[PDB]
Number of protein chains: 4
Amino acid sequence: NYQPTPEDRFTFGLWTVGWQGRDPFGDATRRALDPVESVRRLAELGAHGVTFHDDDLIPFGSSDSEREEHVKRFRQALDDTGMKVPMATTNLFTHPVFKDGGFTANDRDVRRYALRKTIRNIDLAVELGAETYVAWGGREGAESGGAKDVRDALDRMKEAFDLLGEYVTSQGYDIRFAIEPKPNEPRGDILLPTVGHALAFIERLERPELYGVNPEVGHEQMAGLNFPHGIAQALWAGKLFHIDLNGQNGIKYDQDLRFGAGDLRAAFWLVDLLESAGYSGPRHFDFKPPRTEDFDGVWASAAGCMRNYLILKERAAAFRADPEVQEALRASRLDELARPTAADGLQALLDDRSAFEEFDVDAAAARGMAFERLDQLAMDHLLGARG
Amino acid sequence: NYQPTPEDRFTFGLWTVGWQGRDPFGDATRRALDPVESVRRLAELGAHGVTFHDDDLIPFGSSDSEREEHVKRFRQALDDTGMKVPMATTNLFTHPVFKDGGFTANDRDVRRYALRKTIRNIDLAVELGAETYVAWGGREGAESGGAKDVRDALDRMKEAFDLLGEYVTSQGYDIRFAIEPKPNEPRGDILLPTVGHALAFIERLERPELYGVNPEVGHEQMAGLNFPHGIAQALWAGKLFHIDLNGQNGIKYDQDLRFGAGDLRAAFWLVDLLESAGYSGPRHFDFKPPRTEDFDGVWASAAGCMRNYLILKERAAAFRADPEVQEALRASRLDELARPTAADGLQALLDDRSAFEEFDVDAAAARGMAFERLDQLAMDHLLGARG
Amino acid sequence: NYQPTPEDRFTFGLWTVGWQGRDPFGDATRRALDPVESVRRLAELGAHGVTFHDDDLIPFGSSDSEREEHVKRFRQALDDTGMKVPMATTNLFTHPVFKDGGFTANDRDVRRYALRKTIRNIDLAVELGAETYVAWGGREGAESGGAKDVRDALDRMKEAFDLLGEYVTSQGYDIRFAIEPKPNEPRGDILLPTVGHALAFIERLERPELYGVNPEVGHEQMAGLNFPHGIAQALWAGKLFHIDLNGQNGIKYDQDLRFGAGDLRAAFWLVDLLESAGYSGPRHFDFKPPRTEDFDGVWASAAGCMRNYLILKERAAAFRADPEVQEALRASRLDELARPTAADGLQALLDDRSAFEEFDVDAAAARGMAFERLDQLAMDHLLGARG
Amino acid sequence: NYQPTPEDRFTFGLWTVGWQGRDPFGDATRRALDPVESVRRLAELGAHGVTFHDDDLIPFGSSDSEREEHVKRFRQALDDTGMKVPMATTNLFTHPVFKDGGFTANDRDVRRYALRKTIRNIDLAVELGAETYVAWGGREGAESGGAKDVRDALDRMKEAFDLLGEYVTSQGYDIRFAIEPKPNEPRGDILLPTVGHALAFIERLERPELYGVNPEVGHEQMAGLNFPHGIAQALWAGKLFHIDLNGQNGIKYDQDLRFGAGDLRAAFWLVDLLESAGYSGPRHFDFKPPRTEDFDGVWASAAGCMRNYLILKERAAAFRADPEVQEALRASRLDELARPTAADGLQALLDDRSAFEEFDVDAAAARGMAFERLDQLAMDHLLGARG
Ligand SMILES: [Ca+2]
Ligand SMILES: [Ca+2]
Ligand SMILES: [Ca+2]
Ligand SMILES: [Ca+2]
Ligand SMILES: [Mg+2]
Ligand SMILES: [Mg+2]
Ligand SMILES: [Mg+2]
Ligand SMILES: [Mg+2]
């Protein structure tokens, strides 16, 4: 049961299944993977495609002839399997040159290098068929208050994203950008730390229509926020261009557990919302198989990501379709929430004595919301315990 | 030393010094205060003014003749002392009718009542001279996933704020709105949970120029966020209309400690930023004297709010003016952060071999940022330990 | 399905279903309940019994004749229903006299009053048949560093618990004590903030055998801790005398959601551990029906507590009994974890070349733990998705 | 001013100043340091000594002749400078063999290897003059619930520590053990996650007198706990054998900032407590110079650790010595906190009508604690703002 197929649009970063297991306190526990092997093994599990940072596909420092050969071998693996590349991104965080940032480094020469490195990889992403170009500014931020003037850094961030938008327009590319928030780690505090901050920033760009968000489950949860609520605001804004799916157990280091692990009920409400809203983009997993695992465990963890999405999709659809749930939603006035407050207009509201002078506040206050019965029907559906 | 005067623009809510000490587990520890007594005692400490919820000034349910008398006595106290009223707000959270929200209650009749209650108090706020009208939607949100469709709630929130903007325009009022974020408490999750989310929402209103933020120190810190960074983004956007100052010790219930308490270094960097940016609005305290205190302790805690702001203002100004600090800022390339990345333009950047083909990445990576020396100069200034 | 009966040992505090809905920002949303009505309604849902604070059963300040009548009516309700009283406790936190603590108040006269108030209620608890007497020191702690010398406070805490142990021994009572940790709320920091701190403190009492812990799900989770791990340590120590079951969504104010809500996977692992260990005490719920609810919603939320325990008990038992899970546990070396490291003794270990000189560290490191496959079998069992 | 000397007992791990800057998302930013150079540079800053993991001093895998030469060169550097080695520890976390733990690995052969590796380094630690042997079980724990039976793991942990105590007794060594808690990172949850849990565990060892704690500032703060409160409980128990000093900004990844950074007021209250209690052990720093820094910045950050301790020591001593503070402490009844509750005994307390029957609860409740005035005197002392 719950078998994934390419039509489900599940995708994985090369760096996910390829993670060698180096952590803040430990050496690698697995050998490096050839990208060709990852494309083949993910296709065998029912994935739709893969994503990459520049430096995952082409080792940093490669000659032009070595670059050509790495791309040629990867394209053959895509052609052998039917796998797609819907998204790509730039590594602006591993190399020591990026220790104070890429686009917002205090050193101007590093900012210019970061833009040239990104532009080179936008060309490659378009050649491989990507629709979305992600930016995770993991080095943009500070450990101390004097190190980074945040207004100046936001000016540099806007300048960078405006130049990238000029570039893609000049080349006639159809690709769009997606900014990925994170609140902290590896910097003490990261700029644009949540979905809200990234959405607000985009409204100051010269061409806002070219930019949206790539929210990650565990990143919003590292600020103790409700991930489904933040996704709802992104959808409300028309800005959910891509998503990163994984798990996280509360406020700690970025765990990148397989999807479904961590906050299981939040995963349920997330899938319910994506499916109800008709989100059509990739279901992308940004996860780390724990370093306890061998290669067999890597593929088991990847398979589990897709399995858990499909279980949750079934249970959320059954919840929404149940006539007893539909009655409970009316008892809780979810239908009234979706009606305008005052389609009669401001003057009519001011002249309505039933809205103030003759409003029975005590009778309204006495009416229970019936939310606990609704939520226990949701629990029963998630757990397969309906009686 | 560090004596406040009205020119410092320190203001306090009636509900701050007037808090009777009821908490989630305990009864009141202090008698109610007459607003007239609070105006008098705050003026004697060097405050500039006071703010109010409707129901702090006029007991809920008052007749028109009782309302007139409560306002008359308050206006006499303002006239007796020279105290101002720069901000007012609505209580859309105490009465049981608001148990599922005001503007985003699932019950439509409660949404309409919430708007009429707000409009009545906007008229009073203008009569008393307020420049800013705050909205804290403390009941807007949920404990469970099915109870609140967040896209529908955001539609109702926008409708409410658009009607309020229509109202103030129709009356020719000069007053502006400020939305106050909070991530949780009293709801399990609150809508518009951070500065970023509120800034993004405002860009979808019909008249965005009429709306800004009222960020509170402790509320951003309840999400583990950097409060100075969020203030910098609000300033970058042109949206810092008002601020709430207090203290908070990390991720827990909303403590509302006196300003300076909680995260002392964050308080330093906050004052540094407000003063460097030339923020001109009220320095408003939203705090609770702990319920351990008697009335003498209430006034001691209020005095401490203002004293700590003035100490931090002195130390931040000395830091920025120190020639050794100015040299350290250049050593750390803060001057280069404020210069454009590519004022030469996109084509020049693409044709610059020094930005990619001939960029010496290893020499750039070897250059230390000197941030620890800069931060220890900042510590020495805060603590009065310069040698 | 999943119907509770008295034999399941589910119990509820009077103050749970009786919570009127006053929160840090809002007035009551429900009328007070007569304890007689709560005993009757809980019995009808399949509960085993009820628990009380002194002041829940007898209003504070009652005459001796009023006290007798309140106890008489309650005893009749217990006799009418077959309901038991396995635990009682003291309210040392609501009345303003306890604003700086009961047993660790800085005022000595308040410490002595707190002990007399507790002793009176121990006599009543024994008369009603309680086996456990809980202490939650919610007011013991501080908002500021100078207010409370913690070594002195721990001396006063030990003196109090030693006097209570002397009292119960002198009367020949069989009752035992259980200390309930909480990290914060209503104090900025509470003394004995976790299970570990309470276990360590007990080892310094004169009669340690008389004292154990009453851990609460949401309280350990307010420190971001793993509740099942802390329960395992309490069991290891022989000190799990009682437990409080509820839900919590991470690091925030104390939510007291119904059991099963909050961290669902942690609830699964908790039930697995209680059942595997043969815990025999009450399954007690310390929860708040949200203030959105009317009386029908109160009883629905109470019913849901018991239903979720029974669903999780079924799924955990099926996991442990599955032969495929038993094979996965051996593949992950859980059997080897339970074997002694060196039953051969220290000298044999020192003389064993296979433990150092001839140990093949690279072959051992290459062996995968197979934990992801084991955890996805656990997920499949929880969700009723086994194929 | 604030110049450290060896008599201040400041010590540093080799791995602190020697950290090359590899983080969860980035490569090294600094070359490796020779231990001889670190001993020399730290002595020049006024340090007292250094500490080491086995593998910091002797590269993993070294021949016996290479081991002898590494120790010989290090001993010469100690003799050249007068530097001491008061503490050492084992690296049971970097090598991939320890991916599921050392003492609590599910694989028995790894548990035995972990003990042999520790014993070899205890012999070396004694040869170099160490008084304390630290254990940080950073790999002991789990990412998932089925992977680790915590009762079985605690049995293996006790067996390991009991064997180490047998070993040191058999050799007639005077060295004692100190367990270092951490709540998470690199495991999803770590066993013995706080000071309380470690203190409780020690009471179950065969020879409890041989074991205490090594608490770290940032580790307790990763659980949102009050570090000074936890130190007070360790001191109350007689178990503060050693301490790790650093900074942390709330609930996130382990930052290991220089001491004084992070929560500055908590650092003040910590130093106040260590000095008031007469703690006599090393003032050890476990910190990371941020990877933004070059070698000059490494030594600046190390110097800042010691400077901040000495500033805070001065301010705390001035607070406690101020007659106005001494009067405020009496006004707040800190003197009464230190007096027994009932030195008259249980029967006298029961017969005292002033403790219950004739206790005026309303007069006691009306008495303010005066804690805000006391705390603003503490703020004024910290900031050098006394008027
Ligand atoms: Ca992540
Ligand atoms: Ca607040
Ligand atoms: Ca609770
Ligand atoms: Ca650390
Ligand atoms: Mg991601
Ligand atoms: Mg506020
Ligand atoms: Mg409880
Ligand atoms: Mg340490």
Side-chain angles (χ1 to χ4, degrees), chain A residues 17-34 37-38 288-301, chain C residues 330-337 339 341-342 349-373, chain D residues 15 20 22 27-28 32 53-67 70 89-121 124 136-143 147-148 156 160 186-187:
Chain A
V17 295
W19 185 55
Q20 292 191 254
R22 202 188 67 177
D23 86 3
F25 302 100
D27 292 345
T29 66
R30 294 185 294 263
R31 75 168 173 86
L33 292 182
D34 181 340
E37 177 168 20
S38 296
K288 285 177 169 58
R291 69 192 287 276
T292 56
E293 305 308 290
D294 66 15
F295 280 126
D296 292 332
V298 165
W299 308 116
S301 193
Chain C
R330 295 186 189 93
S332 295
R333 287 87 78 199
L334 276 299
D335 56 316
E336 291 205 17
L337 181 66
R339 293 198 285 278
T341 296
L349 171 62
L350 293 173
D351 291 341
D352 189 4
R353 293 182 57 85
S354 82
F356 195 78
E357 299 90 337
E358 296 171 21
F359 183 49
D360 188 339
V361 81
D362 294 333
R367 293 184 237 115
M369 302 312 299
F371 294 151
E372 288 294 281
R373 176 153 190 284
Chain D
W15 68 92
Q20 292 191 254
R22 202 188 67 177
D27 292 345
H53 302 84
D54 52 355
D55 298 338
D56 299 328
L57 179 56
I58 301 130
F60 181 87
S62 285
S63 70
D64 262 52
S65 72
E66 292 166 339
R67 174 192 189 82
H70 287 289
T89 186
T90 330
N91 188 318
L92 301 173
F93 52 86
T94 293
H95 191 288
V97 74
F98 300 124
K99 67 193 189 285
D100 190 44
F103 299 164
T104 74
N106 286 354
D107 289 303
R108 175 171 176 276
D109 51 4
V110 177
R111 302 192 299 269
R112 293 176 67 85
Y113 173 65
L115 282 160
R116 292 294 302 283
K117 190 177 192 287
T118 299
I119 290 165
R120 185 193 205 182
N121 203 54
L124 179 58
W136 173 58
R139 295 284 175 202
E140 319 308 318
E143 291 69 63
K148 195 66 51 171
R156 300 297 76 76
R187 306 306 305 268

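These numbers come from the heavy atoms of this one structure, side chains and all, not from hydrogens, waters or symmetry mates. Lettering follows sequence order; numbering is per chain, from 1.
With D/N106 contributing its side chain and D/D100 its backbone, the two residues share no donor-acceptor pair below 3.5 Å. Counting only distance, with no hydrogens or angles, the side chain of D/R116 and the backbone of C/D352 share a donor-acceptor pair below 3.5 Å. Using modelled atom types, no side-chain atom of D/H53 and backbone atom of D/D55 make a donor-acceptor pair closer than 3.5 Å. Judged by distance alone, with hydrogens and angles left aside, the side-chain atoms of D/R139 form no donor-acceptor pair with the main-chain N or O of D/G137 at under 3.5 Å. Looking at D/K117, its side chain does come within 3.5 Å of a backbone N or O of D/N91 through a donor-acceptor pair. With hydrogens and angles disregarded, a donor-acceptor distance shorter than 3.5 Å links the side chain of D/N121 to the backbone of D/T89. In terms of modelled atom types and a separation under 3.5 Å, the side chain of A/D294 and the main chain of A/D296 share a donor-acceptor contact. Without hydrogens or angle criteria, A/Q20 side chain to A/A28 main chain gives no donor-acceptor distance under 3.5 Å. With hydrogens and angles disregarded, no donor-acceptor distance shorter than 3.5 Å links the side chain of D/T104 to the backbone of D/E140.
Below 30°, between 30° and 60°, or above 60°: for C/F356 and D/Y113 the angle between ring planes is below 30°, a parallel geometry.
Side-chain contact between D/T118 and D/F103 is present, with heavy atoms from C-beta onward closer than 4.5 Å. Considering only heavy atoms from C-beta on, D/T94 stays 4.5 Å or farther from D/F60 through its side chain. At a threshold of 4.5 Å between non-hydrogen side-chain atoms, the residues D/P59 and D/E66 do not count as touching. Taking 4.5 Å as the limit, some side-chain heavy atom of D/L124 sits within range of a side-chain heavy atom of D/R67. Using a 4.5 Å heavy-atom threshold, the side chains of A/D27 and D/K99 count as separate.
Here the shortest heavy-atom pairing between C/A364 and D/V110 reads CB-CG2, 4.4 Å. For the pair D/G101 and D/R187, the tightest heavy-atom approach, listed with the atom from each and the gap, is N-NH1, 4.3 Å. Between C/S332 and C/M369, the shortest heavy-atom contact is OG-O, 2.8 Å. The two residues D/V97 and C/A365 have their closest heavy-atom pair at N-CB, 3.5 Å. Of all heavy-atom pairs between A/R30 and A/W19, the closest is NH2-O, 2.9 Å. Closest heavy-atom contact between D/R156 and C/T341: CD-OG1, 3.7 Å.
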Just do the salt bridge (charged side-chain N to carboxylate O under 4.0 Å, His left out) check on D/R120 and D/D54 with the steps written out, would you?
CA-CA 9 Å; D/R120 185 193 205 182; D/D54 52 355; over 6 Å; no

Under the salt bridge (charged side-chain N to carboxylate O under 4.0 Å, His left out) criterion, do C/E336 and C/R367 qualify, and how do the steps go?
CA-CA 14 Å; C/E336 291 205 17; C/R367 293 184 237 115; over 6 Å; no

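With A/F25 as the fixed residue, the ring pair (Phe, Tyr, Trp, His ring centres under 6.0 Å) test singles out one of D/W136, D/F98, D/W15: D/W136.
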